[PDB]
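Only one chain is included here, represented as structure tokens and corresponding to the form deposited in one PDB entry.
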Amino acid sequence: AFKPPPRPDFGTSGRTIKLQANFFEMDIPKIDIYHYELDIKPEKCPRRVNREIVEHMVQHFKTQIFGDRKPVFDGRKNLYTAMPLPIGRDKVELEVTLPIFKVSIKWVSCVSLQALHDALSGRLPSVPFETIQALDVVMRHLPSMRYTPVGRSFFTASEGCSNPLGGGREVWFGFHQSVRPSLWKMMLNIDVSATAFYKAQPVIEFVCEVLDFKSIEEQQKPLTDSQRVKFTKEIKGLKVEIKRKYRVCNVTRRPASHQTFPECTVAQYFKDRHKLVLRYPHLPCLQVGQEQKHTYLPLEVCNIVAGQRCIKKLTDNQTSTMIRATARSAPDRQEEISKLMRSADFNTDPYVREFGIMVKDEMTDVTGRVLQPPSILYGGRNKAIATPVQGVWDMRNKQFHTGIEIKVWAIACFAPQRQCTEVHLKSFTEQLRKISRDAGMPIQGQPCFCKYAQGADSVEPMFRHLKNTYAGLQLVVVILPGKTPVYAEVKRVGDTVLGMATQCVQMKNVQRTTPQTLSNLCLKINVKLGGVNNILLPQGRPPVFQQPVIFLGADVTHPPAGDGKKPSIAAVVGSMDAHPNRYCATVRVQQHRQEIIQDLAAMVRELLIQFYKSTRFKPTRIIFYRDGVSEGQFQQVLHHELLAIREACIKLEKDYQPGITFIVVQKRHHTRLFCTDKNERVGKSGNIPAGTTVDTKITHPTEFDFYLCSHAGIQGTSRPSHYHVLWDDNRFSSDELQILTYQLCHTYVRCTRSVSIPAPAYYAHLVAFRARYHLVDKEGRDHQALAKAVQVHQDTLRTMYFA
């Protein structure tokens, strides 16, 4: 229940493709290096201040201690040198003055780089984390002081240009950096990125950008409360400088001319003490420091401090500008990374040099294989087979494997009759019925009910009327004007209060229909009503299907940046047939920002019970695709969640012990793959083709992991999903697990495309997002209330309501 399995073999399936990865090979010396523990008092200092302290300390005490030695430092408590310091094992207390600190330096160990080499060649069974940590500190040392660290990235203002976003914000470009072991060598993983920062500009200019002034001379008088409040929202919490740096905690209500402190005015204080006559005395002051004290700075003497990341959500226009500034095709992204590596020149970093490290300036070459897609079987008379090409197929001249006959359905139009007229509704209905008949999901007649309504209050009484009036009602089609709170109310009432299938459609897609939008709509309707859109070609499936097996997908979704109290949402879905096509869902609220799925045992039990009810088989294997767990959480998550799956089995039946395969899926990581050969680039975005698989060179030196880019890249640079097998009772070969994973990406019911993660994992995201919708403005008695909100109706429990 602990150590991940070794890689069983390497995959052999599929034609080869030449790739380049944004991994840059490192040459690491084979010497010991030294680790010292540092303590700085006071210790409440920001990491960057600590780095400054240790910098001043090293230069100052070079005589006593650091002769020709260039230490690296993590900004907390860890210091490394390439040669021993003349300290012994003895602690030393050092006094360092910073333009006032006590610093103790105590040795703690020797880190062997030889051992890391041995572990990379699979001699040693495991990778020494602390050694990789040391190398990371070496590589981060100088950029952490030169640039602004954000996460594992570094950002700086661009030289020679500006990317304003408006509102006092601008784009900064930067790069991700991390050190990774691989089958080949140590690798430096580098990617480019961009994020929003506040412009270092005078606060007066900041005010102008936020209140949409061309100049401040526009604002004759004091600000309106409306303006002053808008300004306060934007600058509160930001750092400003006058030498002195300060955080802003408020904006005064009174202008500097009449704002007073004990008792004297602000404008008069600066006249007398600093011999300064304010322009703009009609403007308010920033309050800074302790909000309980009374330190006020006129706007005119303040600059926004450089290098503060913007944490607040961008406006829609700012987002537009950001996308426009940063979107790149895959070849353009590849060239940006390569260009950055040639300019970064890691090898003349004197700390990199001190530690004898070399970094290749060219991307690693790696060979991929492009897996063949499964064939897709449809139904009706013809039982048509679709063949995916470059990640896509379509349903033209095909009928659903099992299509639902729709006999009783209603329309509720919450869009205004003046815009979405009865003629629109009639036309939409005629076109929908045509497409549905072609798909083998015949809508046998007109709806039983078609009415206009307005506002969230009308939803529940209408739906109760419908449920009570129309026996055999299968579907309510709900037309919505655009973004509206009515949508969340429809899903509260449908999914959780009354247990009724609903399909919402925006008015614009009723007013003007296309065959492709209507066809996609039918994919969802058939699914919601219990149909089987299509199945993997049965004889083309891997051998795991010869015995009963259940596929689980699991995700936790965390609340947005800055949020302090909302729950995290855990979702787990399980397959319910042998195809595998149909799924049931479970969902829970749990502790804020907890990744481990707390109630997983109960959720899996529910799904196992429903699987047996649906198939009359007990799974001999459980294949668990777990989304979104980072490497630094693998052991904690595996420990709880593998045992929770076992617990669900044991409590169902004594000696019921199906084999478990536990696979982490990670869409968001920093590995990018590019075609080496221009003639392999697919489409306008120039990405690798769907089915591109990598399990050599850049993957783990001992464990069982692979990249699989299962989808067609439409825009930008494709994220190749990564799969790490943390447990495998079933002893899959690489080929069989890779092919299984790819085939499951072709079972997602909402589109005739291979998607970027397996259908079970994708459904878990949809379930979590629907629960978030059930919680809008609602997020022990507390836990109970949130838990009630996400519990679907008894009649919804067994459905694919989340599609």
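Heads up: residue numbers just count along the shown sequence, starting at 1. The term rigid core refers to the maximal set of C-alpha atoms that superpose within 1.5 Å between the two forms.
Quick note: we don't show the form deposited in another entry, though the next part is all about it.
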(request) Of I235, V137, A82, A386, only one moves its C-alpha by 2 angstroms or more between the shown form and the other one once the rigid core is aligned, so tell me which. (result) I235
(request) Look at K426 and decide if its Cα position differs by 2 Å or more between the shown form and the other one after superposing on the rigid core. (result) no
(request) Determine whether the C-alpha of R152 shifts by 2 Å or more between the shown form and the other one once the rigid core is superposed. (result) no
(message) So that I can tell if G167 moves, could you say whether its C-alpha shifts by at least 2 Å between the shown form and the other one after the core superposition?
(response) yes
